[PDB]
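*Asks:* Please find one structure pasted underneath; my questions will follow.
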2 protein chains.
Amino acid sequence: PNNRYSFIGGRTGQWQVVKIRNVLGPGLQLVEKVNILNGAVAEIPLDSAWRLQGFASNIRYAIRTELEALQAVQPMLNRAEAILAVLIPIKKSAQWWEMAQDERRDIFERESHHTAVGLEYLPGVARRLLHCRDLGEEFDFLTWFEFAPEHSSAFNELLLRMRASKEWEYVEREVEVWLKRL
Amino acid sequence: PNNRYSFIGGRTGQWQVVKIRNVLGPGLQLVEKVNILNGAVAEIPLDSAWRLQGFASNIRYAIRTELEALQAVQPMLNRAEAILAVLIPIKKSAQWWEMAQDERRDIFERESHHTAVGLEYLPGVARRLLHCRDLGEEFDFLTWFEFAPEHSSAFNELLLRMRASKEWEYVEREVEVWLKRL
Ligand code: HEM
Ligand code: HEM
Ligand SMILES: O=N[O-]
Ligand SMILES: O=N[O-]
């Protein structure tokens, strides 16, 4: 039961890179494939362009009644139908991290409705949130979404809605890595 | 600016071990000294007995008005007179970590008054909170306190008040390493 996940862009992996969109700030080099490994990488293989890593952690903002709503409808990863995925690494500004817990919760849910908006796109979209600021990585979060092609248009709508939120005014680096399951 | 810290119990270090208290659950081996290093150490040196590590992280529970109170009084580390120190690794239960953010905040402060009680022992006591559950370590937190002998009795009071709090019903492993600055 290891909470560390690595994402290595390169020639090998379980996922074909469809495209990479460098939304904001320095991007990620285009590669053929992404290899996802659970655990800490011993040595990065040859012909790898980049390595991202993060860990699964405890809830930081969601309250019990939100967790109950998410749990009632959120799908599992690895659904046979979920052949599309998107890896989105995200970095938030130093202004964000300086803020107190009540100030960040108010932006996250009261002003931006992150959980309420996201719930609109379940059960179509499965997700996994990983943290990596505390590892000294270049991003603060590795977010992961997977879904069937039927939900691609919906997911693209969700992305536009989130980037218009107050919360995203604190995002200062973002890349979309679009993937297809091999 | 590396946020990782390592505490190596052994025969070298900047701190002499006065005593080790095996408060709850498996203890830590008694050693002569503790060595504190900033950064991640990959090879523990020979005739060291244990290594603890954690990182400095963002605020998880404190609200803005509590941060302002803490900042008004909390003392710096490495005060000339702060020749005593206590390193207290703590592990919380699986039931704690499964709880939602509002549930944990209400136990932490509304019921246990962690911050309000701690502020009573400032500015005598300087402190540093490190996290390590997300590193896969045996403990969840490494807490560090340092003060002059004048505040030894006050700090021992604080410990007894905290161990009787609702929050401590979720602690399942705890060790006190009492130190003296060399
Ligand atoms: C698909 C529906 C989604 C749902 C149901 C959802 C739900 C959530 C929840 C409940 C959290 C808080 C976890 C906690 O309390 O620690 C969270 C965090 C986060 N989500 Fe989402 N989310 C969705 C989509 C997205 C998308 C599309 C993105 C990025 C484009 C995203 C980026 C993030 C980030 C960066 C965080 C961490 C926030 C922080 O800790 O500051 N989420 N999400
Ligand atoms: C000396 C006065 C103290 C003050 C002013 C104080 C203040 C605080 C504050 C404000 C936090 C929350 C940090 C955040 O929001 O992320 C915290 C966390 C914590 N403190 Fe203290 N504290 C004190 C003493 C102690 C003592 C003596 C112990 C152990 C015996 C302790 C154990 C912890 C633990 C384990 C956490 C992490 C709680 C969690 O995230 O679940 N504290 N402290
Ligand atoms: O909900 N962001 O993984
Ligand atoms: O307040 N725990 O360092």
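Labels used: A, B, ... for chains in the order of the structure tokens, numbers from 1 for residues in each chain, and numbers from 1 for ligands as shown.
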Using only C-alpha atoms, determine which residues of chain B fall within 9 Å of chain A; present them as a PyMOL selection string.
*Replies:* chain B and resi 2-4+55-67+97-103+133-136
*Asks:* Write to file, as an mmCIF file, in the first residue's frame, the residues of the selection just made, with C-alpha atoms.
*Replies:*
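Full text of part.cif as output:
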```cif
data_model
loop_
_atom_site.group_PDB
_atom_site.id
_atom_site.type_symbol
_atom_site.label_atom_id
_atom_site.label_comp_id
_atom_site.auth_asym_id
_atom_site.auth_seq_id
_atom_site.Cartn_x
_atom_site.Cartn_y
_atom_site.Cartn_z
ATOM 1 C CA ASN B 2 14.653 22.770 1.323
ATOM 2 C CA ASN B 3 11.716 21.865 3.562
ATOM 3 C CA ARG B 4 12.970 18.415 4.601
ATOM 4 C CA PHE B 55 8.834 18.343 5.984
ATOM 5 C CA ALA B 56 7.611 21.848 6.704
ATOM 6 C CA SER B 57 4.241 22.422 5.086
ATOM 7 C CA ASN B 58 1.312 24.816 4.730
ATOM 8 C CA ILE B 59 -1.251 25.536 7.429
ATOM 9 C CA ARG B 60 -3.912 22.844 7.733
ATOM 10 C CA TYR B 61 -6.336 24.161 10.392
ATOM 11 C CA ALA B 62 -5.388 27.596 11.747
ATOM 12 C CA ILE B 63 -7.586 30.468 10.671
ATOM 13 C CA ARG B 64 -6.385 33.992 9.928
ATOM 14 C CA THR B 65 -7.125 35.425 13.390
ATOM 15 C CA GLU B 66 -5.219 32.540 15.012
ATOM 16 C CA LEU B 67 -2.211 33.007 12.725
ATOM 17 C CA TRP B 97 -7.351 10.424 8.916
ATOM 18 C CA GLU B 98 -10.615 9.108 7.476
ATOM 19 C CA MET B 99 -12.449 12.064 8.986
ATOM 20 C CA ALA B 100 -13.434 15.045 6.878
ATOM 21 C CA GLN B 101 -11.834 18.457 7.196
ATOM 22 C CA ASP B 102 -14.651 20.015 9.241
ATOM 23 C CA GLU B 103 -14.695 17.009 11.582
ATOM 24 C CA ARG B 133 2.664 10.579 7.152
ATOM 25 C CA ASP B 134 2.777 11.458 3.460
ATOM 26 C CA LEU B 135 6.404 10.228 3.360
ATOM 27 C CA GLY B 136 5.338 6.760 4.487
#
```
*Asks:* Check every protein, DNA and RNA residue against ligand 4, keep those with an atom at most 7 Å away (counting only C-alpha atoms and all ligand atoms), and present them as a PDB file with C-alpha atoms, in the first residue's frame.
*Replies:*
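To be explicit, this is the file written out as out-v1.pdb:
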```
ATOM      1  CA  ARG B 127       8.145  25.280  18.112  1.00  0.00           C
ATOM      2  CA  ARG B 128       8.416  23.670  14.697  1.00  0.00           C
ATOM      3  CA  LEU B 129       5.839  21.338  13.189  1.00  0.00           C
ATOM      4  CA  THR B 143       7.011  18.213  16.680  1.00  0.00           C
ATOM      5  CA  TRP B 144       9.885  20.237  18.092  1.00  0.00           C
ATOM      6  CA  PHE B 145       9.910  22.578  21.088  1.00  0.00           C
TER       7      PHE B 145
END
```
*Asks:* Go through A:74, A:156, A:6, A:165 one by one, measure the shortest atom-to-atom distance of each to residue 110 of chain A using only C-alpha atoms, and give the residue with the smallest value.
*Replies:* A:165
*Asks:* Just list the residues in segment 39-122 of chain B DSSP gives strand (DSSP E) on the backbone, as a PyMOL selection string.
*Replies:* chain B and resi 48-55+84-92
*Asks:* Can you list, as a list in words, every protein, DNA or RNA residue that comes within 10 Å of residue 20 of chain A when you count only C-alpha atoms, leaving out same-chain residues fewer than 6 positions away?
*Replies:*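 Those residues are residues 27, 28, 29, 30, 31, 86, 87, 88, 175, 176, 177, 178 and 179 of chain A.
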*Asks:* Can you spit out the residues from that selection as a PDB file, in the first residue's frame, using N, CA, C and O atoms?
*Replies:*
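Output file selection_26.pdb follows:
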```pdb
ATOM      1  N   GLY A  27       5.991  24.603 -20.240  1.00  0.00           N
ATOM      2  CA  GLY A  27       5.259  23.396 -20.569  1.00  0.00           C
ATOM      3  C   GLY A  27       5.998  22.109 -20.224  1.00  0.00           C
ATOM      4  O   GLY A  27       6.980  22.090 -19.480  1.00  0.00           O
ATOM      5  N   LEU A  28       5.483  21.001 -20.766  1.00  0.00           N
ATOM      6  CA  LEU A  28       6.125  19.697 -20.679  1.00  0.00           C
ATOM      7  C   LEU A  28       6.427  19.221 -22.090  1.00  0.00           C
ATOM      8  O   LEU A  28       5.576  19.343 -22.974  1.00  0.00           O
ATOM      9  N   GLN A  29       7.625  18.673 -22.297  1.00  0.00           N
ATOM     10  CA  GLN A  29       8.018  18.251 -23.639  1.00  0.00           C
ATOM     11  C   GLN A  29       7.090  17.148 -24.157  1.00  0.00           C
ATOM     12  O   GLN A  29       6.716  16.218 -23.432  1.00  0.00           O
ATOM     13  N   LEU A  30       6.717  17.261 -25.420  1.00  0.00           N
ATOM     14  CA  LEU A  30       5.926  16.222 -26.049  1.00  0.00           C
ATOM     15  C   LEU A  30       6.690  14.902 -26.089  1.00  0.00           C
ATOM     16  O   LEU A  30       7.883  14.846 -26.415  1.00  0.00           O
ATOM     17  N   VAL A  31       5.979  13.825 -25.791  1.00  0.00           N
ATOM     18  CA  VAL A  31       6.542  12.481 -25.776  1.00  0.00           C
ATOM     19  C   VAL A  31       5.518  11.528 -26.370  1.00  0.00           C
ATOM     20  O   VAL A  31       4.347  11.872 -26.540  1.00  0.00           O
ATOM     21  N   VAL A  86      -6.608  12.377 -18.736  1.00  0.00           N
ATOM     22  CA  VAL A  86      -5.923  13.655 -18.814  1.00  0.00           C
ATOM     23  C   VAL A  86      -5.138  13.812 -17.520  1.00  0.00           C
ATOM     24  O   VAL A  86      -5.713  13.734 -16.423  1.00  0.00           O
ATOM     25  N   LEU A  87      -3.827  14.029 -17.641  1.00  0.00           N
ATOM     26  CA  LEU A  87      -2.980  14.367 -16.493  1.00  0.00           C
ATOM     27  C   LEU A  87      -2.769  15.874 -16.524  1.00  0.00           C
ATOM     28  O   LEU A  87      -2.328  16.418 -17.543  1.00  0.00           O
ATOM     29  N   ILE A  88      -3.134  16.549 -15.438  1.00  0.00           N
ATOM     30  CA  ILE A  88      -3.004  18.012 -15.373  1.00  0.00           C
ATOM     31  C   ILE A  88      -2.192  18.390 -14.144  1.00  0.00           C
ATOM     32  O   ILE A  88      -2.759  18.469 -13.029  1.00  0.00           O
ATOM     33  N   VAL A 175      -0.299  22.423 -17.151  1.00  0.00           N
ATOM     34  CA  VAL A 175      -0.145  21.690 -18.407  1.00  0.00           C
ATOM     35  C   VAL A 175      -1.233  20.630 -18.477  1.00  0.00           C
ATOM     36  O   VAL A 175      -1.591  20.031 -17.458  1.00  0.00           O
ATOM     37  N   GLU A 176      -1.754  20.372 -19.685  1.00  0.00           N
ATOM     38  CA  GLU A 176      -2.692  19.272 -19.902  1.00  0.00           C
ATOM     39  C   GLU A 176      -1.978  18.201 -20.711  1.00  0.00           C
ATOM     40  O   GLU A 176      -1.499  18.490 -21.814  1.00  0.00           O
ATOM     41  N   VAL A 177      -1.925  16.974 -20.194  1.00  0.00           N
ATOM     42  CA  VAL A 177      -1.355  15.852 -20.942  1.00  0.00           C
ATOM     43  C   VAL A 177      -2.501  14.902 -21.275  1.00  0.00           C
ATOM     44  O   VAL A 177      -2.989  14.153 -20.427  1.00  0.00           O
ATOM     45  N   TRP A 178      -2.946  14.924 -22.529  1.00  0.00           N
ATOM     46  CA  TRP A 178      -4.071  14.101 -22.952  1.00  0.00           C
ATOM     47  C   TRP A 178      -3.578  12.728 -23.381  1.00  0.00           C
ATOM     48  O   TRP A 178      -2.629  12.614 -24.181  1.00  0.00           O
ATOM     49  N   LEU A 179      -4.245  11.700 -22.874  1.00  0.00           N
ATOM     50  CA  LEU A 179      -3.772  10.328 -22.978  1.00  0.00           C
ATOM     51  C   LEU A 179      -4.877   9.403 -23.460  1.00  0.00           C
ATOM     52  O   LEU A 179      -6.066   9.678 -23.274  1.00  0.00           O
TER      53      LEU A 179
END
```
*Asks:* For residue 111 of chain A, please output as a list in words all residues within 9 Å (counting only C-alpha atoms; exclusion window: fewer than 5 positions along the same chain).
*Replies:*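 Listing them by chain and then by number gives residues 105, 106, 165, 166 and 167 of chain A.
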*Asks:* Give me the residues near segment 47-52 of chain A as a VMD selection string, where near means some atom within 10 Å (using only C-alpha atoms) and where sequence neighbours in that chain fewer than 5 positions away do not count.
*Replies:* chain A and resid 5 to 12 28 to 36 41 89 132 137 to 139 141 to 142
*Asks:* Could you save those same residues with N, CA, C and O atoms as a tab-separated table (two decimals), in the first residue's frame?
*Replies:*
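Okay, out09.tsv is ready:
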```
chain	number	residue	atom	x	y	z
A	5	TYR	N	3.18	7.97	-6.53
A	5	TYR	CA	2.93	7.68	-7.95
A	5	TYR	C	3.87	8.51	-8.80
A	5	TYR	O	4.08	9.69	-8.52
A	6	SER	N	4.44	7.90	-9.82
A	6	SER	CA	5.36	8.56	-10.74
A	6	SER	C	4.77	8.54	-12.15
A	6	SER	O	4.14	7.56	-12.54
A	7	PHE	N	4.99	9.62	-12.89
A	7	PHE	CA	4.54	9.77	-14.27
A	7	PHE	C	5.76	10.15	-15.10
A	7	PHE	O	6.32	11.24	-14.92
A	8	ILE	N	6.20	9.25	-15.98
A	8	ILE	CA	7.44	9.42	-16.73
A	8	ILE	C	7.04	9.55	-18.20
A	8	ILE	O	6.51	8.60	-18.77
A	9	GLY	N	7.28	10.73	-18.78
A	9	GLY	CA	7.03	10.94	-20.19
A	9	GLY	C	8.19	10.43	-21.02
A	9	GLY	O	9.35	10.77	-20.76
A	10	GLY	N	7.88	9.59	-22.02
A	10	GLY	CA	8.92	8.98	-22.80
A	10	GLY	C	8.39	8.01	-23.84
A	10	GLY	O	7.33	8.24	-24.45
A	11	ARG	N	9.10	6.91	-24.06
A	11	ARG	CA	8.74	5.95	-25.10
A	11	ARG	C	7.91	4.79	-24.61
A	11	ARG	O	7.28	4.11	-25.43
A	12	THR	N	7.94	4.49	-23.31
A	12	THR	CA	7.25	3.34	-22.76
A	12	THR	C	6.11	3.81	-21.88
A	12	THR	O	6.10	4.95	-21.40
A	28	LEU	N	5.48	21.00	-20.77
A	28	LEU	CA	6.13	19.70	-20.68
A	28	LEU	C	6.43	19.22	-22.09
A	28	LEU	O	5.58	19.34	-22.97
A	29	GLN	N	7.63	18.67	-22.30
A	29	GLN	CA	8.02	18.25	-23.64
A	29	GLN	C	7.09	17.15	-24.16
A	29	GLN	O	6.72	16.22	-23.43
A	30	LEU	N	6.72	17.26	-25.42
A	30	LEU	CA	5.93	16.22	-26.05
A	30	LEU	C	6.69	14.90	-26.09
A	30	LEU	O	7.88	14.85	-26.42
A	31	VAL	N	5.98	13.82	-25.79
A	31	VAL	CA	6.54	12.48	-25.78
A	31	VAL	C	5.52	11.53	-26.37
A	31	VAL	O	4.35	11.87	-26.54
A	32	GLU	N	5.97	10.30	-26.65
A	32	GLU	CA	5.08	9.31	-27.25
A	32	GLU	C	4.11	8.74	-26.22
A	32	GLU	O	2.94	8.47	-26.55
A	33	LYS	N	4.59	8.52	-24.99
A	33	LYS	CA	3.85	7.73	-24.02
A	33	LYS	C	4.14	8.25	-22.62
A	33	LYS	O	5.10	8.99	-22.39
A	34	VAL	N	3.27	7.87	-21.69
A	34	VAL	CA	3.46	8.13	-20.26
A	34	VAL	C	3.40	6.80	-19.53
A	34	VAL	O	2.48	6.00	-19.75
A	35	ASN	N	4.40	6.56	-18.69
A	35	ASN	CA	4.49	5.36	-17.88
A	35	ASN	C	4.18	5.75	-16.44
A	35	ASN	O	4.82	6.65	-15.90
A	36	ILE	N	3.20	5.08	-15.85
A	36	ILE	CA	2.74	5.38	-14.50
A	36	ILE	C	3.16	4.24	-13.59
A	36	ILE	O	2.80	3.08	-13.82
A	41	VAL	N	10.55	5.75	-7.90
A	41	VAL	CA	11.35	5.26	-9.02
A	41	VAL	C	12.79	5.05	-8.56
A	41	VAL	O	13.39	5.93	-7.93
A	89	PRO	N	-0.89	18.63	-14.29
A	89	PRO	CA	-0.10	19.19	-13.17
A	89	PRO	C	-0.39	20.66	-12.99
A	89	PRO	O	-0.51	21.41	-13.97
A	132	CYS	N	2.27	17.29	-4.52
A	132	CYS	CA	3.72	17.19	-4.60
A	132	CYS	C	4.51	18.45	-4.22
A	132	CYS	O	5.75	18.40	-4.24
A	137	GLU	N	8.74	19.44	-5.66
A	137	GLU	CA	8.56	19.31	-7.10
A	137	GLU	C	8.21	20.66	-7.71
A	137	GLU	O	7.86	21.62	-7.01
A	138	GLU	N	8.28	20.72	-9.04
A	138	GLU	CA	8.03	21.96	-9.76
A	138	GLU	C	6.55	22.31	-9.77
A	138	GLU	O	6.20	23.49	-9.87
A	139	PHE	N	5.67	21.33	-9.71
A	139	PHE	CA	4.25	21.55	-9.53
A	139	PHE	C	3.85	21.29	-8.08
A	139	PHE	O	4.61	20.74	-7.29
A	141	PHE	N	0.43	20.03	-7.53
A	141	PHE	CA	-0.54	18.95	-7.60
A	141	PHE	C	-0.38	18.23	-8.92
A	141	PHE	O	-0.04	18.83	-9.95
A	142	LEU	N	-0.64	16.93	-8.89
A	142	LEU	CA	-0.86	16.14	-10.11
A	142	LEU	C	-2.31	15.69	-10.07
A	142	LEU	O	-2.71	14.92	-9.19
```
*Asks:* For atom CA of residue 140 of chain A and atom 9 (C, counted along the ligand's line) of ligand 2, quote the distance in Å rounded to one decimal.
*Replies:*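 It comes out at 22.5 Å.
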*Asks:* Choose the residue, out of A:149, A:13, A:75, A:26, that has the smallest atom-to-atom separation from ligand 1; count only C-alpha atoms and all ligand atoms.
*Replies:*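 Checking each of A:149, A:13, A:75, A:26 against ligand 1, counting only C-alpha atoms and all ligand atoms, the winner is A:75.
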*Asks:* Which one of A:70, A:118, A:44, A:79 sits closest to ligand 1 if you count only C-alpha atoms and all ligand atoms?
*Replies:*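 Looking only at the distances to ligand 1, the closest residue turns out to be A:118.
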*Asks:* Please run DSSP on the backbone and report, as a ChimeraX atom specification, all residues within segment 9-176 of chain B that come out as alpha helix (DSSP H).
*Replies:* /B:64-73,94-98,101-105,114-119,152-163
*Asks:* Here is a test: counting only C-alpha atoms and all ligand atoms, which residue of A:90, A:107, A:148, A:18 is nearest to ligand 1?
*Replies:*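 Using only C-alpha atoms and all ligand atoms, the shortest distance to ligand 1 belongs to A:90.
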*Asks:* Report the distance between atom CA of residue 159 of chain A and atom 24 (C, counted along the ligand's line) of ligand 1 in Å, rounded to one decimal place.
*Replies:* 7.9 Å
*Asks:* Quick one: of B:158, B:23, B:182, B:164, who's nearest to ligand 2, counting only C-alpha atoms and all ligand atoms?
*Replies:*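 Closest to ligand 2, using only C-alpha atoms and all ligand atoms: B:158.
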*Asks:* Could you give me, as a list in words, the residues within 7 Å of residue 83 of chain B, counting only C-alpha atoms and dropping anything in the same chain fewer than 2 positions from it?
*Replies:*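 Selected residues are residues 81, 85, 147, 148, 180 and 181 of chain B.
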